[PDB]
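To keep things clear, I will list the structure first and then write my remarks on it.
In what follows, every chain begins at residue 1, and chains take the letters A, B, ... in the order their sequences are listed. Below, each value reflects all heavy atoms present in this structure, side chains not excepted, and no hydrogens, waters or symmetry copies.
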Amino acid sequence: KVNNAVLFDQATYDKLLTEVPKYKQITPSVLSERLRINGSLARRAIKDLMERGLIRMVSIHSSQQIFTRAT
Amino acid sequence: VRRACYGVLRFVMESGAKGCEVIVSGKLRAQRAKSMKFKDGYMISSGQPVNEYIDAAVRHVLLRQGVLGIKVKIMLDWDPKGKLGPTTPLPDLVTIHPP
Amino acid sequence: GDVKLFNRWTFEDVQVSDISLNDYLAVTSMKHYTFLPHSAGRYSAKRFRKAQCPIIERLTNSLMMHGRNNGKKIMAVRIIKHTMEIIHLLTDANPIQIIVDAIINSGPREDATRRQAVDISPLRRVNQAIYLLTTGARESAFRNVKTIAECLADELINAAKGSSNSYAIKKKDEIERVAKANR
Amino acid sequence: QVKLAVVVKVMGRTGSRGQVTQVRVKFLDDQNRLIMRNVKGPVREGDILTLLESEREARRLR
Amino acid sequence: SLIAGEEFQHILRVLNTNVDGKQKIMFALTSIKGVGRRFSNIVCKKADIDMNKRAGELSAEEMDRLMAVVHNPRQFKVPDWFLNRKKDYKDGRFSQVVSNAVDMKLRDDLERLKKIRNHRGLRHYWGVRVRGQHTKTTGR
Amino acid sequence: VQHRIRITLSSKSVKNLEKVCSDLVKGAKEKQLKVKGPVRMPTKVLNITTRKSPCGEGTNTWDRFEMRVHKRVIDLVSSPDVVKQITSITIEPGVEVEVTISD
Amino acid sequence: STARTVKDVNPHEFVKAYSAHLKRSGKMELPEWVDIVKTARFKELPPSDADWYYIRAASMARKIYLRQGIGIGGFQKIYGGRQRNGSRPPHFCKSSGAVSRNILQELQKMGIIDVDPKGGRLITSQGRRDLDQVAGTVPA
Amino acid sequence: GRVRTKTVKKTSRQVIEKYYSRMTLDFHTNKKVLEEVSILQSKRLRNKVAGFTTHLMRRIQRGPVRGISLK
Amino acid sequence: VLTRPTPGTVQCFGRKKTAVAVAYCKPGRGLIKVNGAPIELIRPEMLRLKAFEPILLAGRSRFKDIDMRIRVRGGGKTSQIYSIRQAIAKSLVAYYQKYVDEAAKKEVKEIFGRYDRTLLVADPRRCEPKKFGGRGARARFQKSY
RNA sequence: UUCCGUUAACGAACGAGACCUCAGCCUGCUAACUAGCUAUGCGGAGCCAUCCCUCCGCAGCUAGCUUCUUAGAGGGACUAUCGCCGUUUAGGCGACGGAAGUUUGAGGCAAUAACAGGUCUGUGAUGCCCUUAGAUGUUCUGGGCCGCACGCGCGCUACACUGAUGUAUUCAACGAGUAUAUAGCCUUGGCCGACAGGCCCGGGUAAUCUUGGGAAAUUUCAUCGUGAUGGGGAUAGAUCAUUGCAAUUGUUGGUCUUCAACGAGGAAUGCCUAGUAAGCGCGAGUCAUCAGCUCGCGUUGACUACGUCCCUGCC
Ligand SMILES: [K+]
Ligand SMILES: [K+]
Ligand SMILES: [K+]
Ligand SMILES: [Mg+2]
Ligand SMILES: [Mg+2]
Ligand SMILES: [Mg+2]
Ligand SMILES: [Mg+2]
Ligand SMILES: [Mg+2]
Ligand SMILES: [Mg+2]
Ligand SMILES: [Mg+2]
Ligand SMILES: [Mg+2]
Ligand SMILES: [Mg+2]
Ligand SMILES: [Mg+2]
Ligand SMILES: [Mg+2]
Ligand SMILES: [Mg+2]
Ligand SMILES: [Mg+2]
């Protein structure tokens with residue numbers, strides 16, 4: 001029984017902005033499993049981190065979105 | 001029937017067919033029906049050359065005890081002029097010119 | 001280095017360690033270098049012709065399961081590409097070498113027929129390795145948020161190391177064990 | 001340890017259903033050690049088998 | 001992305017029905033009986049409600065406009081071919097039946113046929129199929 | 001000559017139809033009339049598939065009957081007189097010759 | 001660069017650029033039934049893109065650019081797809097004719113596509129020019 | 001299984017028996033003369049007779065055969 | 001006799017299943033298009049490298065003096081790409097055979113052959129007809145007892 | 001029972017194969033205003049004008065031509081060549097070449113002798129028996145063949161993210177089609193309509209018009225986010241159209257709503273060795289209307305084996 005959240009709380013936003021950019025592979029599935037968030041929230045958080053420039057993009061596709069860290 | 005079918009066979013073979021076959025099915029003598037074949041000569045049954053070499057008919061006799069069936073299959077000979085029979089020789093037939 | 005998989009990955013630096021499993025993985029010879037894991041090849045007319053088929057293609061063909069995925073080879077090639085990129089991301093090595101290592105560290109070498117323990121031939125060895133790898137990835141992906149490409153990448157990476165955290169390696173171990181118990 | 005032995009001659013499909021192949025192999029470190037082992041899967045003359053236990057052999061044509 | 005809101009409500013008591021706040025508003029409105037995905041989509045568009053939001057994200061006023069549209073699709077210009085009660089028997093008025101009123105209309109429509117001894121009403125009363133299907137091997 | 005003549009030929013057999021067509025195009029090329037043809041239309045395959053059993057017992061076995069219609073078009077430029085003088089030779093049975101005058 | 005016609009650019013990008021062009025031009029009048037209708041009866045939801053009208057206008061403009069003589073039934077077949085029939089096998093189905101006709105008439109009220117005597121619709125010289133001058137702006 | 005039937009085999013030995021002289025070791029030359037000293041009712045059957053004739057014509061060179069080939 | 005002829009035109013086709021692609025080659029500047037669109041846009045995109053293989057192997061330098069216009073019809077979205085592949089390969093081989101000396105043809109044909117014989121020789125495989133008694137060519141109706 | 005080989009048998013015949021059809025190859029041949037290509041001319045657009053180049057449209061029975069399409073004739077493979085095995089036979093395996101090397105693939109046809117096999121409800125095929133005017137004839141009306149505690153067989157739809165949904169996008173083949181009466185069949189185009197459908201001009205008895213068959217799966221982007229959930233769509237309510245003489249026991253097609261089981265299935269058991277299985281759609285037959293069925297078609301396209309008599313059956 002998944003209890004994935006659909007909206008971040010401020011602490012989880014801080015962890016998304018700090019610990020997540022330290023992840024090697026960044027895809028919506030990994031973020032959903034780790035941060036305990038929905039896949040929609042995962043995709044949107046990945047887009048925001050791509051807006052703040054805290055990640056790179058290795059490959060984008062409809063089925064699989066693959067992102068990695070710039071640092 | 002056993003005397004008319006052999007007569008038909010006789011006439012066909014004197015006419016010149018390479019082979020002839022007659023089948024009589026029905027209540028010939030008893031109440032149970034049986035089938036009497038009257039074959040003489042060479043007759044092919046399979047392949048395309050059947051629908052070139054086999055002239056066949058199926059006719060009923062409307063008798064007092066019921067219906068009697070007649071299958072007559074006449075196998076024709078290869079006619080180079082294509083009048084008495086087929087003009088195409090049988091596929092397996094091979095002729096070697098003598099030296 | 002003219003022919004590269006997806007025009008992004010080199011074939012020349014692939015080392016197939018096992019001498020036994022060398023003629024049944026088609027990666028080393030230049031004749032077995034392909035741009036795409038898609039050939040529409042006739043590798044089934046003869047008994048030992050699937051051995052001369054590129055190994056990435058043999059991995060790709062096992063992804064067209066089950067019946068709902070039968071014949072969908074372009075989607076399988078897409079999964080292979082997205083798996084080979086995750087492999088390069090998480091290992092920083094050539095994904096073809098990770099794949100050949102996983103196929104080497106996954107094929108069972110001994111089995112129990114009839115219950116006499118028999119040894120597996122190289123061709124059945126690579127067939128079993130590929131079957132276990134893709135079966136484990138598919139069962140990991142089923143009813144899971146994780147994508148089939150990510151599950152395939154994780155399974156291949158854990159099989160290349162030799163870790164018992166990969167379904168294929170656990171299953172290879174069971175298979176060979178039953179051929180040790182029933183020696 | 002793991003002995004690698006190269007198939008030199010294939011003789012017979014054994015088992016009730018022919019699921020196993022009886023074969024002769026000369027070992028890779030001992031080209032004078034010729035053993036009859038049973039193989040599961042398609043096998044041909046020249047493929048190397050990693051016979052894990054290389055002492056048991058097998059009964060010919062069984 | 002969007003972080004959160006102090007007003008985010010997980011359960012919203014809507015038309016005597018519970019709506020999950022962790023659901024997109026369009027599919028969240030399909031919790032009330034009588035509202036399907038297509039009618040909820042029309043209701044969300046006509047009420048000028050963001051379709052990329054979640055049910056809990058909306059405020060009081062937004063759901064009030066959603067209910068203005070749900071209780072009167074006509075004033076909000078929802079065509080009459082879009083209603084689940086077109087040309088009512090007694091009334092003759094087009095309307096969108098929602099909530100427990102759907103069950104009420106079902107029961108009244110069945111009682112109407114169960115008093116006139118119509119075939120279909122008797123099929124309903126016997127617990128058998130009413131739309132002319134074979135009953136020998138299926139429906140067991 | 002003056003007008004444009006389209007002779008359509010149809011048949012169920014290829015040899016009879018082709019030899020009739022050869023006769024027509026040979027006659028056309030003897031009287032020095034230009035001939036465009038024969039032009040072979042795609043063959044029509046009339047197909048009937050029916051259960052061979054006269055009843056509903058046995059393995060449901062199906063015989064597929066086919067009738068193949070072969071169409072040939074010959075396009076001359078001439079007057080009607082030479083056209084009916086050409087298409088008056090012995091047209092073999094099964095061949096349906098049809099003459100139509102164009103502009 | 002420029003000097004690229006429609007049959008030089010990726011269709012997915014050209015349609016997106018030309019829909020934006022059409023929306024900017026402001027010469028498109030939208031029907032009342034833009035937020036209600038479905039593009040086909042086999043569809044179960046209205047288009048999820050608010051600018052779907054302009055996207056479909058760009059799509060049909062490009063199709064008329066590449067081919068001449070497409071009628072409303074032809075465009076119903078072009079935008080028709082697979083219908084899922086519940087417990088029954090799927091079959092092909094056709095799209096809505098009102099949407100195609102209205103968008104084509106809106107595109108006649110811009111001098112982009114006219115109607116040919118031979119039947120269907122042709123691309124006008126102005127429409128060809130517009131599509132070709134937008135294709136040059138599409139990044140390669 | 002590519003086993004030749006009697007009609008192919010019998011014709012092969014009869015052709016070599018009579019026309020051994022005008023018979024070469026090449027299939028393509030033997031299938032041309034086979035059209036001049038015989039009347040076969042199929043190209044497929046003519047090819048099989050000439051391919052087995054060439055086969056026999058090479059075993060004769062080996063030296064033992066069970067035909068006659070007086071010579 | 002031993003001089004190169006004036007560069008001209010060749011037309012070559014490739015086939016896969018029922019798809020046929022015909023490449024028209026004329027002296028030009030290296031343009032390659034399929035049904036008017038450039039080949040660098042052919043779809044599916046993840047089979048794009050399959051159609052690029054003859055060009056990637058013969059090198060883009062071997063295509064400078066020719067313009068390749070390819071018309072493809074029939075088949076599906078995979079067989080058309082595999083047909084365009086073979087059309088490009090056979091068109092380059094024929095162009096080098098009539099206007100660019102036999103040796104260079106031989107070299108380019110050898111490269112194509114060592115990579116894939118399908119680049120030059122069509123696969124003869126076609127759909128097998130359905131038989132009554134099953135829903136497929138080999139598959140039979142489920143048997144009960 | 002295909003040959004070889006052994007031999008009181010030799011020589012034949014049917015059957016098998018041969019044969020026939022479809023498919024695979026032919027830049028050789030024959031020929032295309034009901035098929036195209038290429039070039040030329042003109043026109044449109046782009047670029048910027050023109051020119052050139054690129055993409056289009058139109059025209060030319062004096063623009064050529066047949067690669068692509070068609071369809072006739074032929075050719076082409078024979079295991080032919082090589083190695084190995086084999087009694088060094090008959091044959092098998094591997095290899096080059098080759099379109100094709102698995103008698104190339106798939107069919108059609110298909111012996112002797114049978115079975116109390118099915119069919120008298122296909123037959124104006126039928127013996128005998130029954131009935132024959134208050135008919136077991138015929139016709140008309142209405143009902144039933146659909147009825148539902150239950151058991152079994154063939155199936156379709158699913159259980160989902162290798163997905164559903166909504167965009168964008170673009171590849172088949174087999175076939176079918178009219179009595180023109182205002183009009184009958186296949187329907188193009190225009191208009192009205194959200195759909196369903198309707199109205200109005202027409203084409204086609206057909207490589208000519210429908211139809212270059214604008215098939216889906218697939219592809220692309222986005223949403224959904226592991227939740228019986230936007231999976232599934234059974235059941236059910238209201239309502240609108242169409243076929244028909246007639247739609248209730250819902251013909252069917254739409255619209256809104258309703259939103260069941262089902263989370264991969266026990267013991268069992270079916271089919272299948274390559275363009276095959278499986279997936280996907282199309283056409284035809286049935287047909288006024290109704291295809292979850294059959295008979296065909298193409299699209300996407302594998303795994304596994306190249307054996308054995310363990311089971312099942314047959315010899
Ligand atoms: K009968
Ligand atoms: K009777
Ligand atoms: K009947
Ligand atoms: Mg036969
Ligand atoms: Mg998953
Ligand atoms: Mg219409
Ligand atoms: Mg389906
Ligand atoms: Mg030709
Ligand atoms: Mg009986
Ligand atoms: Mg019944
Ligand atoms: Mg979709
Ligand atoms: Mg649900
Ligand atoms: Mg659904
Ligand atoms: Mg009915
Ligand atoms: Mg039908
Ligand atoms: Mg069985």
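When the side-chain contact (heavy atoms from CB on, under 4.5 Å) test is applied to G:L66, the partners found at least two apart in sequence or on another chain are G:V6, G:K7, G:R62. Contacts of G:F14 classified as ring-ring contact (aromatic ring centres under 6.0 Å, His included), with partners at least two apart in sequence or in another chain: G:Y18. With sequence neighbours excluded, the residues satisfying side-chain contact (heavy atoms from CB on, under 4.5 Å) with B:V67 are B:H60, B:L62. Under the side-chain contact (heavy atoms from CB on, under 4.5 Å) criterion, F:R51 pairs with F:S53, F:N60, F:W62, not counting sequence neighbours. Residues meeting the ring-ring contact (aromatic ring centres under 6.0 Å, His included) test with H:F52, sequence neighbours left out: H:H55. Here B:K37 pairs with nothing under the salt bridge (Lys or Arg N to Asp or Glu O under 4.0 Å) rule; sequence neighbours left out. By the salt bridge (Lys or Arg N to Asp or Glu O under 4.0 Å) test, G:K16 is found to be paired with no residue, residues two or more places apart in sequence or in another chain being considered. Applying the side-chain contact (heavy atoms from CB on, under 4.5 Å) rule to E:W81 yields the partners E:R38, E:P79, G:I36; only residues at least two apart in sequence or on another chain are considered. Applying the salt bridge (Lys or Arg N to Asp or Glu O under 4.0 Å) criterion to E:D88, with sequence neighbours excluded, gives E:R85.
Among the heavy atoms of the strands lying under 4.0 Å from I:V20 are primed sugar atoms or P, OP1, OP2 only; no base atom is included. As judged by a 4.0 angstrom heavy-atom cut-off over every strand, F:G58 is placed among residues making no nucleic acid contact. Residue contacts for C:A40: at a heavy-atom cut-off of 4.0 Å it reaches a base atom on one of the strands shown.
Pairing between J:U205 and J:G137: absent (Watson-Crick or G-U wobble, both distances under 3.5 Å). A Watson-Crick or G-U wobble pair joins J:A23 and J:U104, with the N1-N3 or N1-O2 distance and the second distance both under 3.5 Å. Using the rule of two distances under 3.5 Å, J:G212 and J:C14 do not count as a Watson-Crick or G-U wobble pair. If you check J:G266 against J:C109, you find neither a Watson-Crick nor a G-U wobble pair with both contacts below 3.5 Å. Residues J:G214 and J:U139 show neither Watson-Crick nor G-U wobble pairing with both defining distances under 3.5 Å. Remark: J:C51 does not pair with J:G233, failing the Watson-Crick or G-U wobble criterion at under 3.5 Å for both atom pairs. Between J:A59 and J:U40 there is a base pair of the Watson-Crick or G-U wobble kind, both donor-acceptor distances falling below 3.5 Å. A canonical Watson-Crick pair (purine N1 to pyrimidine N3 plus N6-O4 or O6-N4) or a G-U wobble (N1-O2 and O6-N3), each contact under 3.5 Å, is present between J:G107 and J:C20. In this structure J:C309 is not paired with J:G76, as neither the Watson-Crick nor the G-U wobble definition is met at both distances under 3.5 Å.
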Any chance you could list the contact pattern along nucleotides 204-211 of chain J? Use B for base contacts, S for sugar-phosphate-only contacts and - for none, protein heavy atoms under 4.0 Å, 5' to 3'. --SB----
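A salt bridge links I:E128 to I:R138: at least one charged side-chain nitrogen sits closer than 4.0 Å to a carboxylate oxygen.
Two residues, E:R140 and H:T7, neighbour RNA chain J, and the one matched to the more 5' nucleotide by heavy-atom proximity is H:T7.
Not a single donor-acceptor contact under 3.5 angstrom links the side-chain atoms of C:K50 to the base of J:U304. Side-chain to base pairing of G:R101 with J:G193: one donor and one acceptor N or O lie within less than 3.5 Å of each other. Scanning atom types as modelled, one donor and one acceptor separated by under 3.5 angstrom connect the side chain of I:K17 and the base of J:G301.
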Distances for protein N/O vs nucleotides 264-271 of chain J N/O pairs under 3.5 angstrom?
from   : atom 1 : to     : atom 2 : distance (Å)
J:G270 : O2'    : I:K143 : N      : 3.2
J:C271 : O2'    : I:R140 : N      : 3.2

Protein N or O to nucleotides 25-27 of chain J N or O, pairs below 3.5 Å:
from  : atom 1 : to    : atom 2 : distance (Å)
J:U27 : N3     : I:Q11 : O      : 2.9
J:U27 : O4     : I:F13 : N      : 3.1

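A distance of about 11 Å separates the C1' atoms of J:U30 and J:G74, rounded to the whole Å.
One finds no side-chain N or O of I:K77 lying less than 4.0 angstrom from the OP1 or OP2 phosphate oxygen of J:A172. For J:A18, the OP1/OP2 oxygens have a side-chain nitrogen or oxygen of H:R44 closer than 4.0 Å. For J:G301, neither phosphate oxygen OP1 nor OP2 lies less than 4.0 angstrom from any side-chain nitrogen or oxygen of I:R125. Proximity of E:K87 to the phosphate of J:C240: a side-chain N or O atom is located under 4.0 Å from OP1 or OP2.
Counting heavy atoms from C-beta on, the side chains of G:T5 and G:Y65 come closer than 4.5 Å.
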